[PDB]
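Remarks on the structure that follows.
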Amino acid sequence: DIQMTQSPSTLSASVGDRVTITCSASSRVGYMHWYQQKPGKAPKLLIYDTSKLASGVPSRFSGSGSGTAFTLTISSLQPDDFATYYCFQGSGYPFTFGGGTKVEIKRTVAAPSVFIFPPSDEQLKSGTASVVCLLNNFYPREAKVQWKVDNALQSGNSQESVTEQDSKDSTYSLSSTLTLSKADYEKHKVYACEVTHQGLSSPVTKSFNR
Amino acid sequence: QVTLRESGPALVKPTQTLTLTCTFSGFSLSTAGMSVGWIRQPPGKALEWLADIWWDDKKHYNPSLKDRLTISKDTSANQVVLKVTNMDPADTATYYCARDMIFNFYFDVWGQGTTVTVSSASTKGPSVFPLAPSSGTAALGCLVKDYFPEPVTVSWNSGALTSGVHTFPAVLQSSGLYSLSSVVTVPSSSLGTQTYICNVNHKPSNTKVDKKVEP
Amino acid sequence: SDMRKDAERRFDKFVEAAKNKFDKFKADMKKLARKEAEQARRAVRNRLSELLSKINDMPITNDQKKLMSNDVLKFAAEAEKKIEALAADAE
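Chains as they are written, first to last, in the authors' numbering: chain L, 1 to 27, 29 to 211; chain H, 1 to 35, 35A to 35B, 36 to 82, 82A to 82C, 83 to 100, 100A to 100B, 101 to 128, 134 to 213; chain S, 4 to 30, 44 to 107.
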């Protein structure tokens, strides 16, 4: 049963670059098909019968090859070409897909806009207090996010979560969630989020009291 | 307009059977050439073809799911059913149906997919807390806490507010329940005048919540 | 291989049965010629369908089922076109 190997499995490139993805098969297939899948969407057929373009697919895409070796080419990468690309063969049962290739965009540096949110009164009525920090629209993904609480640097008690790269501007957004007991929350006064990032010449701190 | 739409439970206990149903329109399994197939995608992993059925009722199954699959059709209803026996945690995935043709031997139209979690745990609806701005640009949001299983959807002002929205992927907390936040940037000026309401939908528990976010 | 030739001929035959019947029409009536149109398209569709079944039943590769089904679709379509042209000769 026919297995496909895609290279690379990951790839970063600037807007306007030519990008190439190769899919070598374990044995001869008469045709290779290509799917594009964006963040939490169903795969969309992109290229079929090796080189033919599906509908609503710009000309900057193309495929070629035969036998065991095939390529997908994007001739000038756009921000909305951010996706995972899979090759697929229907020449033999079982049908199979390649492992995929993540295309990421490289762009210029953008500092995060930083915001901090205190826990709601509604939540504090339960036992928990969730203090949230938002880093909004930045590049690159790399970022340090530190929690100070009456100036004690916290540890092991916040989770970070990050969005997929934006399809129009290629930035990231990130939230950091410091979770506490109401007991521990009311004990202390001033809560602070401290962001470090390549586009900030010196770190940025947002804070609050109560 | 070819459309497909997968339906079935969000949650299944280990060892039990999962019954998925594709409903389609704009084409028909009574037409010569037509086929429907099922594909699944585990969270963050590769697509894996599972099964298909043809208009002449011929069937194929992936040997990797050895003997746990039954596919069947109801032409008149435009419905294909897929049954997966003895579900285990590795079967947790998004399940898709898609349309295939004897002219193609590839899938040209897919449903949106339906998410299945295999777990012994019970359905639980979220609690939603506002993330209030204080005092150019302000931000605000909703914290959506303590739900099981995935997914929830969040929208703002019932779809009329989309620009500047980020809804973060969920994290499984040490309690076994998921949490996420959705946030949006708006101009300071609109605070206190424009209403901001966040619409949280958690279909696996049939919960809907609408939270006003005020300063 | 020979399946190309058999189908290309069989489908050509369909448009001749039309070519004949339209020509004696050419030699209640507008109704009659629209009936003949629907019949001959229904004959092309049915035959297409029949061939696809036979193709899908054959113990061959998918690529081959695909070449054969596309060969057969293209002729069937070329026939619907040629016959659609004959209705226009009446209408």
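For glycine and all other residues, C-beta sits at the position ideal for the given N, C-alpha and C.
Using the three-state DSSP reduction, which class does residue i fall into: helix, strand or coil?
i: residue 138 of chain L; result: strand
i: residue 23 of chain S; result: helix
i: residue 11 of chain S; result: helix
i: residue 150 of chain H; result: coil
i: residue 190 of chain L; result: coil
i: residue 34 of chain H; result: strand
i: residue 206 of chain H; result: strand
i: residue 123 of chain H; result: strand
i: residue 188 of chain H; result: helix
i: residue 95 of chain H; result: strand
i: residue 55 of chain S; result: helix
i: residue 27 of chain H; result: coil
Considering Cα atoms alone, identify which of the options is closest to residue i.
i: residue 97 of chain H; options: S:12, S:68 and S:64; result: S:68
i: residue 172 of chain L; options: L:154, L:113 and L:134; result: L:113
i: residue 5 of chain S; options: S:88, S:96, S:103 and S:107; result: S:88
i: residue 61 of chain S; options: S:102, S:91 and S:106; result: S:91
i: residue 194 of chain L; options: L:183, L:209 and L:186; result: L:209
i: residue 103 of chain H; options: L:105, L:33 and L:38; result: L:38
i: residue 12 of chain S; options: S:27, S:104, S:94 and S:48; result: S:94
i: residue 6 of chain L; options: L:88, L:115 and L:27; result: L:88
i: residue 22 of chain H; options: H:43, H:166 and H:72; result: H:72
i: residue 1 of chain H; options: H:27, H:15, H:9 and H:57; result: H:27
i: residue 182 of chain L; options: L:128, L:170, L:198 and L:148; result: L:128
i: residue 119 of chain L; options: L:180, L:90, L:94 and L:154; result: L:180
Take residue i and list the residues in its own chain whose beta-carbon comes closer than 7 Å to its own, dropping the five residues that flank it on each side.
i: residue 63 of chain H; result: 48
i: residue 84 of chain L; result: 37, 38, 39 and 104
i: residue 159 of chain H; result: 182
i: residue 84 of chain S; result: 6 and 71
i: residue 149 of chain L; result: 193 and 195
i: residue 65 of chain S; result: none
i: residue 202 of chain H; result: 10, 11, 116 and 147
i: residue 106 of chain H; result: 6, 89, 90 and 91
Cβ of residue i within 7 Å of Cβ of residue j?
i: residue 74 of chain L; j: residue 86 of chain L; result: no
i: residue 182 of chain H; j: residue 162 of chain H; result: yes
i: residue 12 of chain L; j: residue 107 of chain L; result: yes
i: residue 178 of chain L; j: residue 159 of chain L; result: yes
i: residue 92 of chain H; j: residue 29 of chain H; result: no
i: residue 82C of chain H; j: residue 12 of chain H; result: yes
i: residue 174 of chain L; j: residue 138 of chain L; result: yes
i: residue 29 of chain S; j: residue 52 of chain S; result: no
i: residue 111 of chain H; j: residue 149 of chain H; result: no
i: residue 142 of chain H; j: residue 119 of chain H; result: yes
Determine, for residue i, whether the minimum Cβ-Cβ distance to residues of chain H falls below 7 Å.
i: residue 81 of chain S; result: yes
i: residue 198 of chain L; result: no
Taking only beta-carbon positions, decide if residue i is within less than 7 Å of chain S.
i: residue 97 of chain H; result: yes
i: residue 49 of chain H; result: no
i: residue 92 of chain L; result: yes
i: residue 31 of chain L; result: yes
i: residue 27 of chain H; result: no
i: residue 33 of chain H; result: yes
Can you check whether the C-beta of residue i is within less than 7 Å of a C-beta belonging to chain L?
i: residue 137 of chain H; result: yes
i: residue 200 of chain H; result: no
i: residue 72 of chain S; result: no
i: residue 35 of chain S; result: Not modelled: residue 35 of chain S, which lies between 30 and 44, the two residues flanking a gap in chain S.
i: residue 122 of chain H; result: yes
Skipping 5 residues on each side, what residues in its chain have a beta carbon closer than 8 Å to that of residue i?
i: residue 139 of chain H; result: 123, 124, 179, 180, 181, 182, 196 and 211
Leaving out five residues before and five after residue i in sequence, what residues of the same chain have Cβ atoms less than 6 Å from its Cβ?
i: residue 51 of chain L; result: 32, 33 and 64
i: residue 24 of chain L; result: 5, 69 and 70
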